[PDB]
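[1] Sharing an experimental structure here, sequence included.
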Amino acid sequence: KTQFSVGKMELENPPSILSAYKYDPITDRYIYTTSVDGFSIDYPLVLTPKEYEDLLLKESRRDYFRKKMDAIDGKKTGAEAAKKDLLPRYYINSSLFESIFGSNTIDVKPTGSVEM
Amino acid sequence: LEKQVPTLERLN
Amino acid sequence: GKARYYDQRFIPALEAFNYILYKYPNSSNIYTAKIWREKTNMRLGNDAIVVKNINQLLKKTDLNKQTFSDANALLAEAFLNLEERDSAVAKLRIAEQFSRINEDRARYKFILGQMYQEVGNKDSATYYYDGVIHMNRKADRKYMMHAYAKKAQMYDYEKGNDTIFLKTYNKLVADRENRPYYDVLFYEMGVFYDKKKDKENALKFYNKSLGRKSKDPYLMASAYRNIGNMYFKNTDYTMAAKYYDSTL
Amino acid sequence: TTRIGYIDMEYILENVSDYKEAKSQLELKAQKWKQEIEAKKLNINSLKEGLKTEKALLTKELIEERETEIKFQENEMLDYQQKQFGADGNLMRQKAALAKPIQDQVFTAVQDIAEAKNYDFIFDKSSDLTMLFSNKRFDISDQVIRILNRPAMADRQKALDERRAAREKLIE
Amino acid sequence: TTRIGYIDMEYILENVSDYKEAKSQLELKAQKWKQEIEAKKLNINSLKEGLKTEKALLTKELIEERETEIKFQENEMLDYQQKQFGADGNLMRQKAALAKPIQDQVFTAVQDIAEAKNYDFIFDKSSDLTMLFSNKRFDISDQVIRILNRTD
Amino acid sequence: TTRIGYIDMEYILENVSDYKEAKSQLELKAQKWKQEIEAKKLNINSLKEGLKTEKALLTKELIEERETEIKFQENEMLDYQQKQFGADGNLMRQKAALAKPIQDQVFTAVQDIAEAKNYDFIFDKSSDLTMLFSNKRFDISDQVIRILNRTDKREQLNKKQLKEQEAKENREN
Ligand SMILES: *[C@H]1O[C@H](CO)[C@@H](O)[C@H](O)[C@@H]1O
Ligand SMILES: *[C@H]1O[C@H](CO)[C@@H](O)[C@H](O)[C@@H]1O
Ligand SMILES: *[C@H]1O[C@H](CO)[C@@H](O)[C@H](O)[C@@H]1O
Ligand SMILES: *[C@H]1O[C@H](CO)[C@@H](O)[C@H](O)[C@@H]1O
């Protein structure tokens, strides 16, 4: 035994609970709101430009890296589509690899008769 | 008119 | 990278070109990779960076004539995106001068004529349209026919000679090799007769252009709208309404 | 003496049916709450329309009393919404209750593998911290999934030896 | 040869000071502010409905002043919301004043421990999403707590 | 034992000149868009003032047409503002797409560095706050920056240099 310090895993919000950023041009702000049907579930988070921009850039960089390595790995149910935009250095696909013959099937068959 | 026909129907 | 670029997938194309520039220093395609990276950046909306890098590369490279023309065409496109008409004109002039492909040369001369016509310099626009005409069968006939159309657009209606214009465009429109562009010519002739206050001939040539079945929707719409305007200005509002319904 | 592995919890949870079942149950509960809130909204709108249809007939005291009743109903709706979908209650609790069994199974498998392979830390590749490089032999996602769902010459020589042993044993 | 430790920021924060009670009070105040915002939204909606009900009886001039009053109320609610819940101010400023001195002290103590004991990496386990499992033997939070408690 | 390296993506993006220049150009484009929005606002205000000045001399129908035109202009301005500066507008999308080629180059360089030097893990230190203290000995950000500058300022070898390189690399056989 090593007495691990266990973290946690949690479910995400159901699709009926929207969570989005809205741009208010009256005050030129970006407000993050998590609402089910217009009712703010938590406190709204209003940020300035260059405050929303930094977080958006950080999350976009993280998502880009995550999608790239998900495509590289391949076992994520959607990486096959993203493998096209990958550098071929990072993966090998068998659709363009062939054996000495195109398949392993044998189909040479005889027809006719033989008499003794 | 059609908004006040119901209260016309409503009585007592 | 080239296949991704022509598939309009610019981020992976840039990745391929950057990998060429990163992994193969001893390659002989370094300059081609640099130019292709720059045009990919231009497609991504980085025209200032493109101008800077291409100017840096062209400073001391003495590269091949065709790649020099390609780099200058890229510079012209980047300057167009930056809204610098003079720089774009100069770069496109160099690209057309150093180009070896006849189709590209005709396209560049046509675009130079278009630029000068947009600015209003009818002398230089006429020069470049005539240069396209002088390339008679070395390029697609669309460039020559539309150069004739744009030369008709820049006609001088105050001092110009109507007889020479009419004879030239009648010779053009009575030619078998010009059939796929008859509409484009016919419309122009109608416009000419529209601006000389000759409603009969203008209507006749607009009808010819319409009967040519342009297959370009805006040419058909323009002919219908021009006939509608001719009828509207003649206090004939029923036919004007009919032709407006036609162009809608 | 300090080994680090990674889990990639997204891929692991993609291979657990209980995760999809829990997501469906959470969606069903959310839909039930939304339907109840919609019923309350319908009642409040009916009250508002009833007040509107007589706003030009009765005196100010009755109008004010009905408006206070409508405000009380709206406050009751707000309290119900804060109780159901709010920051603490009936959604956080439901999410925790639904995720507790899946967390138990997944973390039991991960702990078993970590103790077996003597890992000191087990990071998550799908978390906010991004690893641009991973050694790919410290990835224990496949072993966790298997637990939850339950030198060519040397290889050739081993295969030949196994074939010989199997053929010898089968006939006798 | 690579030495790795970790800390639990929440555990240290709760141990060194009364962080939990102040955080709960701040959460209650934030919930009160959110409910006030919802009440303002309800009042604005009621005013809009009342204006919509009475339009024929108006001269389009009192309609204009009622619309300006509604817009003023909406802007007042919006600026109140920005002031209370902005990325800097009255919630983030209060949370910062609550947790910033202790966070800086913990950072300084962590740097001192890392320099003294030649640590290579010190990870923060407080997120609980990354760092799913930790050996708890490479845990230096009691040292951080004792260093913090040494200072008055 | 495991060898851990890390980069700082914000630091790398700060030490790339082309990225900074592109960001400045994007800010200039955003300023131009804001000026266009201001021009639209000025036109809308002029229309509103014109309607208000002569509102008594117009019939109900004409007032309705002028008000509909003003509403159409206001809706067009709102649509332009949301399309250019929205949460997923042109400005934000173009800002997010600036670093993608740099991210590709950084990823490739990190793979190559981790292959060269026996690194088991390479983290992005700026992705989250998990990495509290990181020894600067394991920061490969400056190496990545050197690689990025090297590929940015690449130069084609001359014919003599190419022949020398071929002779050198062909010496194994
Ligand atoms: C491009 O070039 C033109 C003339 O060559 C300049 O006027 C312009 O400012 C830009 O540098
Ligand atoms: C374009 O070209 C014409 C003929 O070369 C000039 O006259 C004109 O000024 C412009 O440079
Ligand atoms: C063009 O010029 C000819 C003579 O050159 C005229 O006959 C004609 O009417 C038009 O003016
Ligand atoms: C509009 O009107 C013109 C008038 O001839 C028609 O040709 C056209 O088909 C459309 O009805």
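    Looks like it arrived, so ask away. Numbering: from 1, shown residues only, chains lettered A, B, ... in the order given. Ligands and ions are numbered 1, 2, ... in the order given.

[2] In contact with whichever residue of chain D sits closest to ligand 2, which residues?
    Nearest residue of chain D to ligand 2, counting by Cβ to the nearest ligand atom: residue D:132, 54.3 Å away. Just so you know, the C-beta spots here come from the backbone N, C-alpha and C atoms, and that holds for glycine as well. Listed by Cβ atoms under 8 Å, 6 or more residues apart in numbering or on different chains, the contact set of residue D:132 reads A:65, A:69, F:7, F:106-107, F:110-111, F:114, F:122-124.

[3] Include distance to residue C:175 and secondary structure when you put those residues into TSV, please.
    Putting those into TSV (distance: Cβ to Cβ, whole Å; DSSP: H, G, I helix; E, B strand; the rest coil) gives the following:
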residue	distance to residue C:175	secondary structure
A:65	62	helix
A:69	63	helix
F:7	67	strand
F:106	60	helix
F:107	59	helix
F:110	64	helix
F:111	63	helix
F:114	69	helix
F:122	69	strand
F:123	72	strand
F:124	67	strand
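
[4] Using PDB, write out every CA atom in stretch C:143-159.
    Output of stretch C:143-159 as PDB, limited to C-alpha atoms (Å, rounded to 0.1, in the frame of the first residue of the first chain):
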ATOM      1  CA  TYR C 143      -9.400  37.700 -71.800                       C
ATOM      2  CA  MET C 144      -9.400  39.200 -75.200                       C
ATOM      3  CA  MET C 145     -13.200  39.400 -75.500                       C
ATOM      4  CA  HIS C 146     -13.600  41.000 -72.100                       C
ATOM      5  CA  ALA C 147     -10.700  43.400 -72.900                       C
ATOM      6  CA  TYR C 148     -12.800  44.500 -75.900                       C
ATOM      7  CA  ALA C 149     -15.800  44.900 -73.600                       C
ATOM      8  CA  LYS C 150     -13.900  47.000 -71.100                       C
ATOM      9  CA  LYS C 151     -12.400  49.100 -73.900                       C
ATOM     10  CA  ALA C 152     -16.000  49.700 -74.900                       C
ATOM     11  CA  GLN C 153     -16.800  50.700 -71.300                       C
ATOM     12  CA  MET C 154     -14.100  53.400 -71.400                       C
ATOM     13  CA  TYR C 155     -15.300  54.900 -74.700                       C
ATOM     14  CA  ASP C 156     -15.100  58.600 -75.000                       C
ATOM     15  CA  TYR C 157     -18.700  59.600 -75.700                       C
ATOM     16  CA  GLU C 158     -17.900  63.300 -76.300                       C
ATOM     17  CA  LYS C 159     -14.900  63.300 -78.600                       C
END
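
[5] List the buried residues for it?
    Of the residues in stretch C:143-159, C:143-152, C:154-155 count as buried by neighbour count, 16 or more other Cβ atoms under 10 Å in any protein chain shown.

[6] And for stretch D:126-133?
    Result for stretch D:126-133 [16+ other Cβ under 10 Å]: buried residues D:126-133.

[7] how far does that stretch sit from the chain's center?
    Counting by Cα atoms, centre = their mean, to the nearest Å, stretch D:126-133 is centred 20 Å from the centre of its parent chain.

[8] Stretch D:3-23 too?
    Mean-position distance between stretch D:3-23 and its chain equals 10 Å (Cα atoms, centre = their mean).

[9] for stretch C:152-162, same thing?
    With Cα atoms, centre = their mean, you get 21 Å for stretch C:152-162.

[10] Quick one: end-to-end length of it, please.
    For stretch C:152-162, the first-to-last residue distance is 11 Å (Cα to Cα, to the nearest Å).

[11] does any part of it sit near ligand 3?
    Yes - counting by Cβ under 6 Å from any ligand atom, ligand 3 has neighbours in stretch C:152-162: C:161-162.

[12] How about the contacts made by residue 36?
    The chain I'm using is chain A. Contacts for residue A:36 (Cβ under 8 Å, 6+ apart) come out as A:16-18, D:30, D:33-34, D:37, D:81, D:85.

[13] Please refer instead to chain D.
    Residues counted as contacts of residue D:36 (Cβ under 8 Å, 6+ apart) are D:80, D:84.

[14] any idea how far residue A:94 is from it?
    53 Å (Cβ to Cβ, to the nearest Å).

[15] secondary structure element for the residue nearest the centre of chain A?
    The central residue of chain A, meaning the one whose C-alpha is nearest the mean C-alpha position (Cα atoms, centre = their mean), is residue A:67 at 5.1 Å. Here residue A:67 is covered by helix A:52-73, with elements defined by DSSP states H and E.

[16] Just after that helix, pick out the following helix or strand.
    That would be, after helix A:52-73 and using DSSP H and E, helix A:79-82.

[17] what residues does that following helix touch?
    A:67-68, A:70-74.

[18] Which ChimeraX command selects the buried ones in those?
    In ChimeraX, a selection of the buried entries from these looks like this (16+ other Cβ under 10 Å):
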select /A:68,70,71,72,73
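
[19] now the contacts of helix A:79-82 as JSON lines including distance to ligand 4?
    As requested, the contacts of helix A:79-82 are exported to JSON lines (distance: Cβ to the nearest ligand atom, whole Å):
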{"residue": "A:67", "distance to ligand 4": "52"}
{"residue": "A:68", "distance to ligand 4": "55"}
{"residue": "A:70", "distance to ligand 4": "56"}
{"residue": "A:71", "distance to ligand 4": "53"}
{"residue": "A:72", "distance to ligand 4": "58"}
{"residue": "A:73", "distance to ligand 4": "60"}
{"residue": "A:74", "distance to ligand 4": "57"}
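
[20] Return the member of the contacts of helix A:79-82 nearest to residue B:7.
    Ranked by distance to residue B:7 (Cβ to Cβ), those are led by residue A:67 at 61.8 Å.

[21] quick one: contacts for the closest one?
    With contact set as Cβ under 8 Å, 6+ apart, residue A:67 has these partners: residue A:82.

[22] Residue D:127 - nearest residue in space that isn't next to it in sequence?
    Ranked by Cβ to Cβ, 6 or more residues apart in numbering or on different chains and with sequence neighbours excluded, the top spatial neighbour of residue D:127 is residue E:130, at 4.0 Å.

[23] Span of stretch D:114-130 from start to end?
    21 Å.

[24] what's the offset of that stretch from the middle of its chain?
    20 Å.

[25] now swap in stretch D:82-96 and tell me
    Mean C-alpha position of stretch D:82-96 versus that of the full chain (Cα atoms, centre = their mean) differs by 14 Å.
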